[PDB]
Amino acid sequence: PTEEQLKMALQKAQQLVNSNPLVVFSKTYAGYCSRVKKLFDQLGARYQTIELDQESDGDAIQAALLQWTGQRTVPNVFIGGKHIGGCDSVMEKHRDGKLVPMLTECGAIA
């Protein structure tokens, strides 16, 4: 991707994370991505999804996500503007009973 396209993906990704309480960067076929969204479905948490495989700039975004966060895989989950990580980081929050408080604090959960 071009210097321009990467910087554009970075600020498109950043504005998504800042403008939404729960953001998941994912791929329609990835299993950990589908697992994390169904859990959010079950908790009543509303999320905004970016299916990188369905976006022409999907690849520029994935590179920016690594620039920005240091993670190369999907899903990449942001809660309340902050980077949580992948399906495992999210599940670990839930195990400690802290996920639902976080999703409620930022409004993802009504």
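Don't overthink the numbering: it's just position in the shown sequence, from 1.
S.K.: Decide which of the stretches 101 to 109 and 4 to 12 has the higher mean C-alpha B-factor, going by the entry.
M.R.: The stretch with the larger average C-alpha B-factor is 4 to 12.
S.K.: Out of 78 to 86 and 52 to 60, which stretch has the higher average CA B-factor listed in the record?
M.R.: If you average the C-alpha B-factors of 78 to 86 and of 52 to 60, the larger mean comes out for 52 to 60.
S.K.: Within this chain, which third does the Cα B-factor at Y47 fall in: lowest, middle or highest?
M.R.: For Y47, the deposited C-alpha B-factor lands in the lowest third.
S.K.: Relative to the other modelled residues in the chain, which third contains the C-alpha temperature factor of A30: lowest, middle or highest?
M.R.: It belongs to the middle third of the chain when residues are ordered by C-alpha B-factor.
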